[PDB]
Amino acid sequence: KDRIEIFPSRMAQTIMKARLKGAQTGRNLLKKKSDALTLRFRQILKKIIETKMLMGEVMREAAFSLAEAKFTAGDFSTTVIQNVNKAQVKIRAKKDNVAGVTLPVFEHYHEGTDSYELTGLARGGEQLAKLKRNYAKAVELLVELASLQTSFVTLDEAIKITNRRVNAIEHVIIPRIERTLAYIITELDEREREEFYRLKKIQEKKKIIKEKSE
Amino acid sequence: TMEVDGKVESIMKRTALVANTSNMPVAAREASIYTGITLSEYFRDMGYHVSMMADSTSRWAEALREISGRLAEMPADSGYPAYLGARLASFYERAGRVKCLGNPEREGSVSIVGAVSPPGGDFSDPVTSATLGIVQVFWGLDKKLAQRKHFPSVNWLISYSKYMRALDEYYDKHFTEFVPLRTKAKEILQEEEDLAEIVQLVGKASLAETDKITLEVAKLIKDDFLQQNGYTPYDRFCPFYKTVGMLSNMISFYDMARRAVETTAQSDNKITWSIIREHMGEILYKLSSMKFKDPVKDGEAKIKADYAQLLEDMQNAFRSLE
Amino acid sequence: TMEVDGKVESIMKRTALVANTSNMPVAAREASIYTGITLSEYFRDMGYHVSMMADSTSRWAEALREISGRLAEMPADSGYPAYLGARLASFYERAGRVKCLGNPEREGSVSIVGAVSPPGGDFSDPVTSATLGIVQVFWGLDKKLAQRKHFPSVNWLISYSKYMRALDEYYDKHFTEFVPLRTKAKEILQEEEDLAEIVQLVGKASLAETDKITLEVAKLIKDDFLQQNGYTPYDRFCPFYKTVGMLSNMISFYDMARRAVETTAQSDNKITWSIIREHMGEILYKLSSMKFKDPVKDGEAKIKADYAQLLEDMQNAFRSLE
Amino acid sequence: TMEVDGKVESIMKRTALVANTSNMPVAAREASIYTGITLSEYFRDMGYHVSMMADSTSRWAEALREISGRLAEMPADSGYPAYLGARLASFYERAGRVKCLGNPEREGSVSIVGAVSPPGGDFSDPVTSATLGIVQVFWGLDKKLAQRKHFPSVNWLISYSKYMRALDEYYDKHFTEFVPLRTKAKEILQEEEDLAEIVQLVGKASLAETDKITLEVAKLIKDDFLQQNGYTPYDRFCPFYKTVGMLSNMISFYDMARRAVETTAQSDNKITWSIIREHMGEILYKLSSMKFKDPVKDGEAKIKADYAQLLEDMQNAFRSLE
Amino acid sequence: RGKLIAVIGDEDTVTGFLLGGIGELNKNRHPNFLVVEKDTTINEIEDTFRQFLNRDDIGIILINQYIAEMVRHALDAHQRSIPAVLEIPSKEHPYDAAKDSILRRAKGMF
Amino acid sequence: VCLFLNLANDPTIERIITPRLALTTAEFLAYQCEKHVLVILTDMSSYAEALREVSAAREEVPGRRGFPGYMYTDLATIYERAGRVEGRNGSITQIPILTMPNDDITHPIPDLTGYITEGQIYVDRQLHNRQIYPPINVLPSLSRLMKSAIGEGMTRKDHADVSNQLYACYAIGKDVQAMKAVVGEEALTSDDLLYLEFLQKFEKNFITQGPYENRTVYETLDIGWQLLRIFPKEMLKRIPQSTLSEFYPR
């Protein structure tokens with residue numbers, strides 16, 4: 001609705017000016033928070049593009065190392081896929097922070113159970129070891145990229161919410177207070193005008209009393 | 001015309017007018033109001049239940065203001081004389097139901113429906129304030145609803161009646177369900193009002209699934225139970241059987257939808273307002289077009305039967321949904 | 001009663017009351033202030049350090065307003081007679097420290113403390129404004145604190161005292177350390193005021209250690225120094241040695257916490273408020289409990305020694321954290 | 001000073017100043033507007049084309065408010081008298097181009113360019129609002145553009161002129177091609193007003209080539225057409241033939257760039273702003289330098305021929321790109 | 001307690017990440033990797049992606065670019081953040097920056 | 001110094017005539033004795049209250065906010081007895097001092113005083129509470145004729161430039177200080193840390209003076225330079241290079 005529904009008065013005018021400036025301070029701070037989130041989000045998008053580009057090359061090299069391993073080691077794929085046991089790699093989620101907003105990111109970490117030790121023992125040897133190394137490199141790059149993606153999504157949510165807050169303020173709350181202030185000023189002018197009329201009337205009646213007495 | 005003893009008669013035989021247009025002498029407005037209320041008191045004393053409409057008492061208050069300005073008196077708020085409050089109270093206080101004078105025992109009434117025309121549309125207006133300090137029912141109207149053509153433009157939040165507790169003694173023995181239906185309707189409109197501030201600032205993503213039902217049922221009630229195009233053969237008049245029927249169907253829909261949500265919120269068969277909307281696009285349109293049933297072109301029995309059939313249709317749709 | 005020379009003596013042996021209840025005539029309501037101030041000036045001339053409490057200069061301005069209206073004078077802002085400023089000046093400016101007349105050299109004084117009560121706490125009310133133009137001290141009221149039931153409810157952001165310039169000499173002679181404590185207390189309160197505006201608009205996550213310590217020492221000051229239960233035996237009156245000891249301990253805590261975090265910032269062995277609070281939770285408890293020391297039974301020596309021991313414990317705890 | 005018939009003359013040979021300060025009699029401040037307009041009407045009657053500049057009709061209006069207050073008239077909207085709007089209306093209405101009285105046939109005129117001083121840019125106060133309702137042109141000088149070093153500081157978004165329809169008659173006779181250029185220039189600038197928000201949303205690299213051309217030509221107009229350093233010899237005074245020539249060439253470039261992009265959107269050899277700039281840097285520099293063409297030394301014919309030669313070069317460059 | 005990594009890709013891809021050290025069998029003996037053979041249908045590849053999406057300890061998910069294009073509608077349904085979804089190259093089909101499920105959020109990717 | 005005192009409890013008519021006595025003496029000392037006078041009128045709000053009292057005594061009806069309608073002409077009569085006059089080597093400068101009621105810059109006294117006068121110097125409550133003196137808030141403060149009082153031969157070559165640059169860096173520092181609490185300190189760039197340091201040292205070394213410390217304009221300018229050297233030259237974008245090269249080093 002149009003007006004805040006405070007009753008006209010000088011006290012009300014003071015309170016409304018305080019509240020208008022409070023809402024404008026909120027607008028400014030939230031707009032700066034949105035700008036921080038937007039700069040970070042844009043940076044994160046650009047690095048997503050760049051790291052996808054790097055991922056292309058890195059995966060291509062890893063696939064060639066796999067080819068090279070097959071060259072020496074043969075069809076070990078089934079060996080690996082069967083001796084699954086438990087994972088040597090386990091990822092830890094971490095609470096990053098930008099602006100007031102918490103960004104989930106990932107930390108690469110090892111549980112140490114290399115179920116595929118000795119697998120290349122017969123022939124695979126160094127080529128299979130280098131394959132382990134290549135896909136460890138891939139794991140690191142993709143963990144960094146996954147931290148990137150999670151930050152990107154959460155920043156998207158944060159940006160949407162903060163823009164909705166800033167628009168809400170500057171399109172509803174501030175205009176509401178401005179309308180209430182205009183109404184308060186008008187009604188105080190009305191009080192003053194009524195007082196002026198009453199005093200003018202009293203003065204005229206005193207003049208008429210002078211004429212009645214003289 | 002109206003049917004008396006099966007014979008139709010015009011209502012100009014039971015209406016009397018006291019016309020003092022805006023441009024006619026100003027002082028005559030006061031005499032117009034008092035002539036009207038005295039005629040109503042006469043017909044009351046005969047033992048009739050008269051109703052006096054005062055087409056605008058703000059124009060009367062302006063008559064008093066102008067006369068007082070001519071008399072050179074000291075004004076109260078915004079120029080009206082100090083005695084505007086006393087005038088309005090004494091005029092409204094001639095209204096109540098009475099055990100009339102005289103020997104043949106009788107009973108009469110003079111209801112007073114006094115429209116206030118506040119300057120600028122703001123109820124700080126001294127006429128409006130002094131009036132609301134006296135009148136027991138306040139059908140405040142809202143210019144924004146009026147612009148949206150939500151006629152009647154009654155503001156269902158701030159408007160009030162202090163007679164509701166007096167009438168239940170009669171509601172519970174003529175329309176026994178109406179009191180609970182009314183309480184639930186008011187709760188629904190209050191809940192939608194409370195949500196409106198949140199949704200305006202935040203958007204509908206935050207809504208609970210029962211709150212979506214509250215919002216959509218409130219929109220149904222506002223658009224299709226409250227508003228009533230007064231210049232159409234179907235809704236120029238709306239008997240209370242039709243009114244209570246419409247409200248009963250809408251509140252029954254609300255109860256069934258909330259039950260459907262609260263029973264499947266904990267499940268994988270989760271019912272949502274969107275699912276109900278898609279599944280019952282027809283039932284909702286029937287609830288929307290109930291207002292078009294014509295009290296006279298379609299008999300009371302026909303309209304009550306159709307509303308009962310819509311209730312059955314809904315009670316089947318919800319079972320088939322769940 | 002009061003202690004004087006080791007004997008409890010009534011306070012009416014050294015007090016006088018000028019009762020003027022609200023229903024007693026308006027003229028007397030006006031002359032009450034003058035009679036009181038003249039008695040106070042009489043004892044001033046005798047040579048005493050008199051102190052006068054005027055329960056409502058607002059209800060005095062009502063007598064002035066009403067009398068002006070009855071006399072048919074022209075009013076001014078809000079209806080008060082235009083000479084309200086001059087009248088309030090003539091009342092207040094009889095204050096001060098004076099070299100009394102007459103031969104035997106002497107110097108009394110008349111402190112004046114005039115309560116104001118504007119409508120609804122309005123700060124533009126003409127009596128409040130004219131007062132602010134005259135009074136050297138103003139202990140304004142914070143309604144937020146009043147509603148929180150935080151007593152005293154002094155608005156330490158818009159209340160003011162212009163006597164600090166004078167009293168700095170007395171402090172540099174008696175409580176030499178008090179002035180920088182006062183300045184830092186005001187600075188801390190203002191920084192916390194600033195930071196709360198961000199905290200409510202965004203949240204506490206972004207605060208640095210310095211900001212956290214400012215907030216978590218400002219809460220200590222606002223709850224355990226600037227808050228006083230006037231009805232308890234220990235805080236019915238807080239001597240100045242107790243007040244300066246309390247403030248010294250709190251500000252020393254601020255200084256040393258900020259020292260730790262500033263010194264260990266931009267370094268791996270980082271100290272934080274999150275560490276300090278848990279490391280010396282006892283120290284914070286005793287800083288909070290300082291208020292409970294009771295001069296009436298605890299000696300000045302005991303209280304000074306206890307506060308110095310708390311300072312010692314604080315230094316030990318900080319030195320260990322470092 | 002001004003040049004007339006090849007000699008430098010002081011404009012006080014053709015200017016009269018009704019100048020007064022704020023401590024002068026209030027009746028002097030209020031009478032200033034009328035004294036000025038009466039002198040201007042005297043010269044109009046002689047058949048001269050008077051131009052009368054009021055320096056603050058807001059201060060004249062405050063003089064009016066003061067005189068009204070001294071007379072104790074009823075205060076109208078926001079304190080100004082009941083007749084401020086009427087007085088402003090009549091005063092400005094005294095303007096106009098007239099066939100003067102008397103026998104020797106004459107035309108004169110009085111152009112009232114009176115300034116108005118809003119409170120901090122708020123155009124809602126009675127003097128500014130009535131002035132903008134009465135007046136037909138408004139030039140809206142802007143401290144922000146002055147800060148950006150854009151002289152004149154005309155805002156070209158708040159500014160407006162309602163005489164365009166009246167002047168189409170004159171342009172269709174003397175400067176036939178100015179009208180379309182006016183329309184197109186204002187439309188370019190209005191387009192940029194939204195392209196800026198597009199840039200904020202998605203960045204300059206995200207705009208189609210046509211709207212990139214819009215942006216660069218709009219900056220060209222801002223920097224080298226609407227910007228005019230008033231202290232230089234060459235373009236302190238810009239004759240209308242030169243202005244229409246400048247805008248004609250700039251809009252010719254705009255249309256040619258739009259054509260180049262639009263006619264190759266249907267091809268793989270699609271043209272871009274980068275192609276256009278790198279291929280026609282000389283043309284862009286020439287357009288930017290069109291300012292320097294000096295009317296005092298570079299006659300009308302020479303400037304017209306130079307602008308037409310720029311048009312020839314631009315035609316050839318676009319054709320060779322095409 | 002820590003998160004895993006899951007894979008939807010070729011036999012070579014699964015083997016390579018397995019030698020990287022991602023693989024385990026959970027307490028249900030479920031794997032965290034699918035070898036994509038032509039015999040498997042698109043409904044089943046979508047079901048596998050959905051299973052990884054539902055399972056809360058999975059962590060990061062990897063998909064070959066083209067296979068993810070086939071799984072796309074479930075990817076488009078996966079709007080939430082916590083399990084990342086890395087659309088990766090393949091020896092069969094290269095990766096393309098265009099129209100990735102995550103990148104659909106953006107207008108600044110030119 | 002010729003000092004006129006109208007105590008709070010002296011007659012309000014004596015208050016009405018005090019500013020006029022002050023300015024009459026100022027006109028004698030300036031336009032007849034030819035010596036530059038500085039008139040410091042203190043608490044023009046307390047003067048306007050006396051004007052109100054005299055009007056009500058005359059039994060005029062109140063104007064806006066209770067003050068007389070002619071308050072503009074009256075305050076103008078007081079203020080506009082100032083300025084230099086052709087053919088007399090003296091002048092009269094004024095520095096009215098206003099107690100703004102309710103801190104409302106729209107109140108008739110400050111509104112009319114702004115209409116008649118040529119600037120404003122804000123004493124600010126946040127600065128005062130932070131215990132800065134003189135709590136002159138230089139962001140809303142203005143001197144519409146400063147551009148005549150500075151430059152070579154009046155103060156020094158670099159006065160206008162240093163003033164503009166200090167204002168710009170102070171405002172950017174206030175902006176950065178508002179942003180800090182939202183983005184956090186470690187999210188700040190090195191330039192923003194420079195601006196925060198400049199804000200601190202501008203409020204602590206330049207604005208803050210202490211009551212009895214007298215700084216010539218030259219000393220104020222050198223303090224300004226000592227603050228502007230927080231920035232490398234490329235950040236002082238409002239100072240021309242012809243000045244930067246001359247003053248910046250050392």
# chains A, B, ... in the order shown; residues from 1 in each chain; ligands from 1
call {"tool": "interface_residues", "arguments": {"of": "chain D", "to": "chain E", "cutoff": "9 Å", "atoms": "only C-alpha atoms", "output": "list in words"}}
result
residues 202, 203, 205 and 206 of chain D
call {"tool": "interface_residues", "arguments": {"of": "chain D", "to": "chain F", "cutoff": "9 Å", "atoms": "only C-alpha atoms", "output": "compact mmCIF listing (two decimals) with C-alpha atoms, in the first residue's frame"}}
result
# COMPACT_ATOMS: atom_id res chain seq x y z
CA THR D 21 20.73 41.97 -3.90
CA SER D 22 18.79 40.19 -1.20
CA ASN D 23 18.89 42.90 1.49
CA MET D 24 17.20 45.38 -0.83
CA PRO D 25 13.54 46.23 -0.15
CA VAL D 26 11.28 43.24 -0.58
CA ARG D 59 14.10 34.26 -5.30
CA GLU D 62 10.34 34.11 -2.15
CA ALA D 63 10.03 37.89 -2.33
CA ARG D 65 5.96 34.88 -0.35
CA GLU D 66 7.50 37.40 2.01
CA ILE D 67 5.21 40.21 0.90
CA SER D 68 2.20 37.92 1.19
CA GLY D 69 3.32 36.95 4.68
CA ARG D 70 3.72 40.57 5.68
CA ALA D 72 -0.95 38.02 6.40
CA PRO D 75 -0.77 30.59 2.88
CA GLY D 79 3.62 28.30 2.01
call {"tool": "residues_around", "arguments": {"residues": "residue 177 in chain C", "least_positions_apart": "3", "cutoff": "12 Å", "atoms": "only C-alpha atoms", "output": "JSON, numbers by chain"}}
result
{"C": [168, 169, 170, 171, 172, 173, 174, 180, 181, 182, 183, 184, 241, 244, 245, 247, 248, 249, 251, 252]}
call {"tool": "closest_residue", "arguments": {"among": "A:153, A:211, A:38, A:168", "to": "chain D", "atoms": "only C-alpha atoms"}}
result
A:38
call {"tool": "residues_around", "arguments": {"residues": "range 282-294 of chain D", "least_positions_apart": "5", "cutoff": "12 Å", "atoms": "only C-alpha atoms", "output": "VMD selection string"}}
result
chain D and resid 216 to 217 219 to 230 232 to 239 241 to 254 257 273 276 to 277 299 to 318
call {"tool": "interface_residues", "arguments": {"of": "chain A", "to": "chain E", "cutoff": "6 Å", "atoms": "only C-alpha atoms", "output": "ChimeraX atom specification"}}
result
/A:77,84-92,132,135-136,146,150,153
call {"tool": "write_last_selection", "arguments": {"atoms": "N, CA, C and O atoms", "output": "PDB file, in the first residue's frame"}}
result
ATOM      1  N   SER A  77      42.625 -53.261 -18.144  1.00  0.00           N
ATOM      2  CA  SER A  77      41.427 -52.535 -17.745  1.00  0.00           C
ATOM      3  C   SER A  77      40.538 -53.401 -16.866  1.00  0.00           C
ATOM      4  O   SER A  77      40.036 -52.947 -15.834  1.00  0.00           O
ATOM      5  N   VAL A  84      38.500 -53.436  -7.289  1.00  0.00           N
ATOM      6  CA  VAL A  84      38.068 -52.114  -6.848  1.00  0.00           C
ATOM      7  C   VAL A  84      38.397 -51.904  -5.374  1.00  0.00           C
ATOM      8  O   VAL A  84      39.043 -50.918  -5.002  1.00  0.00           O
ATOM      9  N   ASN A  85      37.975 -52.832  -4.515  1.00  0.00           N
ATOM     10  CA  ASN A  85      38.148 -52.674  -3.074  1.00  0.00           C
ATOM     11  C   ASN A  85      37.676 -51.295  -2.612  1.00  0.00           C
ATOM     12  O   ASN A  85      36.487 -50.984  -2.733  1.00  0.00           O
ATOM     13  N   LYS A  86      38.575 -50.465  -2.080  1.00  0.00           N
ATOM     14  CA  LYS A  86      38.219 -49.146  -1.579  1.00  0.00           C
ATOM     15  C   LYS A  86      39.099 -48.093  -2.237  1.00  0.00           C
ATOM     16  O   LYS A  86      40.173 -48.396  -2.762  1.00  0.00           O
ATOM     17  N   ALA A  87      38.625 -46.847  -2.206  1.00  0.00           N
ATOM     18  CA  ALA A  87      39.253 -45.777  -2.967  1.00  0.00           C
ATOM     19  C   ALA A  87      40.441 -45.180  -2.224  1.00  0.00           C
ATOM     20  O   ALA A  87      40.369 -44.915  -1.020  1.00  0.00           O
ATOM     21  N   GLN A  88      41.538 -44.957  -2.955  1.00  0.00           N
ATOM     22  CA  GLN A  88      42.671 -44.230  -2.393  1.00  0.00           C
ATOM     23  C   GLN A  88      42.365 -42.746  -2.234  1.00  0.00           C
ATOM     24  O   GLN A  88      42.953 -42.084  -1.372  1.00  0.00           O
ATOM     25  N   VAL A  89      41.461 -42.207  -3.050  1.00  0.00           N
ATOM     26  CA  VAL A  89      41.176 -40.777  -3.083  1.00  0.00           C
ATOM     27  C   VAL A  89      39.824 -40.527  -2.432  1.00  0.00           C
ATOM     28  O   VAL A  89      38.839 -41.209  -2.740  1.00  0.00           O
ATOM     29  N   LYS A  90      39.778 -39.552  -1.526  1.00  0.00           N
ATOM     30  CA  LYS A  90      38.524 -39.075  -0.964  1.00  0.00           C
ATOM     31  C   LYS A  90      38.602 -37.567  -0.794  1.00  0.00           C
ATOM     32  O   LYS A  90      39.614 -37.026  -0.341  1.00  0.00           O
ATOM     33  N   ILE A  91      37.507 -36.899  -1.147  1.00  0.00           N
ATOM     34  CA  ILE A  91      37.465 -35.448  -1.293  1.00  0.00           C
ATOM     35  C   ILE A  91      36.787 -34.852  -0.069  1.00  0.00           C
ATOM     36  O   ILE A  91      35.805 -35.406   0.440  1.00  0.00           O
ATOM     37  N   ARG A  92      37.316 -33.726   0.396  1.00  0.00           N
ATOM     38  CA  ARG A  92      36.825 -33.043   1.584  1.00  0.00           C
ATOM     39  C   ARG A  92      36.236 -31.701   1.168  1.00  0.00           C
ATOM     40  O   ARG A  92      36.899 -30.915   0.481  1.00  0.00           O
ATOM     41  N   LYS A 132      48.998 -43.813 -13.656  1.00  0.00           N
ATOM     42  CA  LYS A 132      48.546 -43.393 -12.336  1.00  0.00           C
ATOM     43  C   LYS A 132      48.802 -41.905 -12.148  1.00  0.00           C
ATOM     44  O   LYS A 132      47.930 -41.160 -11.689  1.00  0.00           O
ATOM     45  N   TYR A 135      46.458 -39.604 -14.311  1.00  0.00           N
ATOM     46  CA  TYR A 135      45.089 -39.475 -13.835  1.00  0.00           C
ATOM     47  C   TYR A 135      45.036 -38.870 -12.440  1.00  0.00           C
ATOM     48  O   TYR A 135      44.004 -38.319 -12.055  1.00  0.00           O
ATOM     49  N   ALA A 136      46.144 -38.886 -11.696  1.00  0.00           N
ATOM     50  CA  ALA A 136      46.214 -38.069 -10.486  1.00  0.00           C
ATOM     51  C   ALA A 136      46.215 -36.584 -10.834  1.00  0.00           C
ATOM     52  O   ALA A 136      45.530 -35.780 -10.191  1.00  0.00           O
ATOM     53  N   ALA A 146      35.778 -28.586  -9.959  1.00  0.00           N
ATOM     54  CA  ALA A 146      34.547 -28.855  -9.228  1.00  0.00           C
ATOM     55  C   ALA A 146      34.337 -27.847  -8.108  1.00  0.00           C
ATOM     56  O   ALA A 146      33.212 -27.383  -7.879  1.00  0.00           O
ATOM     57  N   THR A 150      30.994 -25.469  -7.914  1.00  0.00           N
ATOM     58  CA  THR A 150      30.182 -25.280  -6.720  1.00  0.00           C
ATOM     59  C   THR A 150      30.146 -23.816  -6.313  1.00  0.00           C
ATOM     60  O   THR A 150      29.075 -23.283  -5.981  1.00  0.00           O
ATOM     61  N   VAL A 153      27.786 -21.957  -8.752  1.00  0.00           N
ATOM     62  CA  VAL A 153      26.359 -22.155  -8.518  1.00  0.00           C
ATOM     63  C   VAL A 153      25.917 -21.390  -7.277  1.00  0.00           C
ATOM     64  O   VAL A 153      24.901 -20.675  -7.286  1.00  0.00           O
TER      65      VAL A 153
END
call {"tool": "atom_distance", "arguments": {"atom1": "CA of residue 179 in chain A", "atom2": "CA of residue 2 in chain A"}}
result
6.6 Å
call {"tool": "interface_residues", "arguments": {"of": "chain A", "to": "chain B", "cutoff": "10 Å", "atoms": "only C-alpha atoms", "output": "PyMOL selection string"}}
result
chain A and resi 1+7-8+161+164-169+171-173+190-191+193-195+197-199+201-202+205
call {"tool": "write_last_selection", "arguments": {"atoms": "N, CA, C and O atoms", "output": "short mmCIF file (atom, residue, chain, number, x, y, z; two decimals), in the first residue's frame"}}
result
data_model
loop_
_atom_site.label_atom_id
_atom_site.label_comp_id
_atom_site.auth_asym_id
_atom_site.auth_seq_id
_atom_site.Cartn_x
_atom_site.Cartn_y
_atom_site.Cartn_z
N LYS A 1 0.83 -1.19 0.00
CA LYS A 1 0.00 0.00 0.00
C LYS A 1 0.87 1.25 0.00
O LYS A 1 2.07 1.18 0.26
N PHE A 7 1.24 8.18 11.78
CA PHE A 7 0.32 9.31 11.79
C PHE A 7 1.09 10.62 11.65
O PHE A 7 2.13 10.79 12.29
N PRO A 8 0.60 11.58 10.85
CA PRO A 8 1.37 12.80 10.61
C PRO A 8 1.78 13.53 11.88
O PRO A 8 0.97 13.72 12.79
N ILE A 161 19.49 -13.66 -5.02
CA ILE A 161 18.82 -13.22 -3.80
C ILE A 161 19.16 -11.77 -3.50
O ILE A 161 18.29 -10.99 -3.10
N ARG A 164 17.38 -9.45 -5.81
CA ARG A 164 15.98 -9.37 -5.43
C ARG A 164 15.80 -8.48 -4.21
O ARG A 164 14.85 -7.70 -4.15
N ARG A 165 16.72 -8.55 -3.25
CA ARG A 165 16.64 -7.68 -2.08
C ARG A 165 16.81 -6.22 -2.45
O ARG A 165 16.07 -5.35 -1.97
N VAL A 166 17.81 -5.92 -3.29
CA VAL A 166 18.07 -4.53 -3.65
C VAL A 166 16.90 -3.96 -4.44
O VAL A 166 16.48 -2.82 -4.21
N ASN A 167 16.37 -4.73 -5.39
CA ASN A 167 15.20 -4.28 -6.13
C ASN A 167 14.01 -4.12 -5.21
O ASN A 167 13.26 -3.15 -5.33
N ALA A 168 13.80 -5.06 -4.29
CA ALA A 168 12.70 -4.92 -3.35
C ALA A 168 12.81 -3.61 -2.60
O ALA A 168 11.86 -2.82 -2.56
N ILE A 169 13.98 -3.33 -2.02
CA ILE A 169 14.17 -2.06 -1.32
C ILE A 169 13.82 -0.91 -2.24
O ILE A 169 12.83 -0.20 -2.02
N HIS A 171 12.39 -0.43 -5.02
CA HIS A 171 11.12 -0.34 -5.74
C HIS A 171 9.90 -0.43 -4.84
O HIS A 171 8.80 -0.14 -5.31
N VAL A 172 10.05 -0.82 -3.58
CA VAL A 172 8.91 -0.95 -2.69
C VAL A 172 9.14 -0.14 -1.43
O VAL A 172 8.36 0.76 -1.10
N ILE A 173 10.22 -0.45 -0.71
CA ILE A 173 10.39 0.10 0.63
C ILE A 173 10.68 1.59 0.55
O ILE A 173 10.03 2.40 1.22
N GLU A 190 -1.06 21.36 6.55
CA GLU A 190 -2.47 21.58 6.86
C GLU A 190 -2.66 22.00 8.31
O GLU A 190 -3.44 22.91 8.60
N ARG A 191 -1.98 21.33 9.24
CA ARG A 191 -2.06 21.76 10.63
C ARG A 191 -1.65 23.22 10.76
O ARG A 191 -2.32 24.01 11.44
N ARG A 193 -1.71 25.58 8.52
CA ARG A 193 -2.69 26.46 7.91
C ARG A 193 -3.90 26.64 8.80
O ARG A 193 -4.44 27.74 8.92
N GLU A 194 -4.36 25.56 9.43
CA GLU A 194 -5.49 25.67 10.33
C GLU A 194 -5.16 26.57 11.51
O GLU A 194 -5.97 27.40 11.92
N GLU A 195 -3.96 26.40 12.08
CA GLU A 195 -3.56 27.26 13.19
C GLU A 195 -3.49 28.71 12.74
O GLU A 195 -3.90 29.62 13.47
N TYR A 197 -5.27 30.10 10.40
CA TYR A 197 -6.63 30.61 10.25
C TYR A 197 -7.24 30.93 11.60
O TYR A 197 -7.88 31.98 11.77
N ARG A 198 -7.06 30.05 12.58
CA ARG A 198 -7.62 30.31 13.90
C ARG A 198 -7.03 31.58 14.50
O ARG A 198 -7.75 32.41 15.07
N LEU A 199 -5.71 31.76 14.39
CA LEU A 199 -5.08 32.94 14.96
C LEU A 199 -5.53 34.20 14.23
O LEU A 199 -5.76 35.24 14.85
N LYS A 201 -8.39 34.62 12.85
CA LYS A 201 -9.74 34.86 13.31
C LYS A 201 -9.74 35.52 14.69
O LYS A 201 -10.51 36.45 14.94
N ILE A 202 -8.89 35.04 15.59
CA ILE A 202 -8.81 35.64 16.92
C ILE A 202 -8.38 37.10 16.81
O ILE A 202 -8.91 37.97 17.52
N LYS A 205 -11.23 39.18 15.69
CA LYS A 205 -12.21 39.37 16.75
C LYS A 205 -11.72 40.36 17.79
O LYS A 205 -12.51 41.14 18.33
#
call {"tool": "residues_around", "arguments": {"residues": "range 98-107 of chain B", "least_positions_apart": "3", "cutoff": "9 Å", "atoms": "only C-alpha atoms", "output": "PyMOL selection string"}}
result
chain B and resi 44-49+95+110
call {"tool": "interface_residues", "arguments": {"of": "chain F", "to": "chain A", "cutoff": "10 Å", "atoms": "only C-alpha atoms", "output": "list in words"}}
result
residues 59, 60, 61, 62, 63, 64, 65, 66, 102, 103, 104, 175, 178, 179, 180, 181, 182, 183, 184, 186 and 187 of chain F
call {"tool": "select_by_dssp", "arguments": {"residues": "chain E", "states": "alpha helix (DSSP H)", "output": "count of residues only"}}
result
35
call {"tool": "select_by_dssp", "arguments": {"residues": "range 4-62 of chain E", "states": "strand (DSSP E)", "output": "ChimeraX atom specification"}}
result
/E:5-9,33-35,60-62
call {"tool": "residues_around", "arguments": {"residues": "residue 118 in chain F", "least_positions_apart": "4", "cutoff": "12 Å", "atoms": "only C-alpha atoms", "output": "count of residues only"}}
result
17
call {"tool": "closest_residue", "arguments": {"among": "D:29, D:38, D:81, D:154", "to": "residue 16 in chain D", "atoms": "only C-alpha atoms"}}
result
D:38
call {"tool": "residues_around", "arguments": {"residues": "residue 91 in chain B", "least_positions_apart": "4", "cutoff": "12 Å", "atoms": "only C-alpha atoms", "output": "list in words"}}
result
residues 30, 31, 33, 34, 35, 36, 37, 38, 40, 41, 52, 54, 57, 60, 84, 85, 86, 87, 95, 96, 110, 111, 112, 113, 114, 130, 131, 134 and 135 of chain B
call {"tool": "closest_residue", "arguments": {"among": "B:270, B:97, B:143, B:204", "to": "residue 118 in chain B", "atoms": "only C-alpha atoms"}}
result
B:143
